[PDB]
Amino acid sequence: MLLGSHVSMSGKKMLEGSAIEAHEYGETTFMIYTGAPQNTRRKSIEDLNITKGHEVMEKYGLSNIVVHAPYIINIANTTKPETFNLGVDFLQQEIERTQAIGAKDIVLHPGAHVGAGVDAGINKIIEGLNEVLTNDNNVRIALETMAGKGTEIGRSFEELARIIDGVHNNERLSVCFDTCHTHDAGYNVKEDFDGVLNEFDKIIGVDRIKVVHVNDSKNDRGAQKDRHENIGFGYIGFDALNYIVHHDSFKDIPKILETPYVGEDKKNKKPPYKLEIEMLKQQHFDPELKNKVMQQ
């Protein structure tokens, strides 16, 4: 079972710290941003501490890690050239970092059209991806299924397929399947997941899902709000999420929790990943999970 969470990529330890944290939570895989999630400032590859991180990963049996590009990248923006241009440059540099880290996929939010419309946004994403995938590296870009909040592109499998069809080196593209996003966009992953996967298989191909994000939601299906909830405490629920985590179609695909910290106030928030992973390995909902995390 490849099951983990996002973990920190920070400090002098960088990737060594990410592997230590993943082991602390009982993880077998993990996902990192290569720096701050909300900006493009990055350290040199030497300072990412990769050699030491890999030794820790081999020590603790960690594999199949995932990189996530900062969520401020928007190569769908047709009216902010500096934003488009920066995203293109950043992603070319992120591919080089990820090749060094040893990840196979970079998760990327397709982008937001910010008023220009889906068609204009999708054409811009295709242009940007065609500028990025001119390296002959092997790293893939995993387009993330999106919730449909605001002007987000990627809220439907059809939008992803249009991006994929426009890209020249589209064999370098994959998909990251996020259970909260698909649910908030309107797909019935709670009660008809196999039906959702059948639709995905028709339109894209389930073999192209190279990362799964495992998140409950604070809102019911189709709310398009994108507010994650702890496993089993939201509108998707434990039975549905547990079914997805252990699903045969996702065998040997890293499954990555992005659930929220638990706490009384913002100064006492604690990570839930250790106990959510225990709960999912047991396949038994623990209604006390939040009370346990809040006092770990």
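Position 1 is the first residue in the sequence shown; the rest follow in order.
Per the record, averaged over C-alpha atoms, which has the higher B-factor: 134-142 or 148-156? Stretch with the higher mean C-alpha B-factor: 134-142.
Taking only the CA atoms, which stretch has the higher mean B-factor in the record, 255-263 or 45-53? That would be 45-53.
Among 33, 30, 60, 243, where is the Cα B factor highest in this entry? Max CA B-factor in the entry, restricted to 33, 30, 60, 243: 60.
Check the PDB entry and point out which of 170, 182, 74, 215 has the largest C-alpha temperature factor. That would be 170.
Taking the entry's C-alpha B-factors for this chain, is residue 99 in the lowest, middle or highest third? For residue 99, the deposited C-alpha B-factor lands in the highest third.
Position of residue 230 among the chain's modelled residues by C-alpha B-factor, lowest, middle or highest third: Residue 230: CA B-factor falls in the lowest third of its chain.
In terms of the CA temperature factor given in the entry, to which third of its chain does residue 209 belong: lowest, middle or highest? Lowest third, going by the recorded CA B-factors of the chain.
Residue 277: which third of its chain by C-alpha temperature factor? Within its chain, residue 277 is a lowest-third residue by C-alpha B-factor, going by the deposited values.
Based on the entry's values, in what third of the chain does the Cα temperature factor of residue 189 lie: lowest, middle or highest? For residue 189, whose C-alpha B-factor we compare with every modelled residue in the chain, the answer is the middle third.
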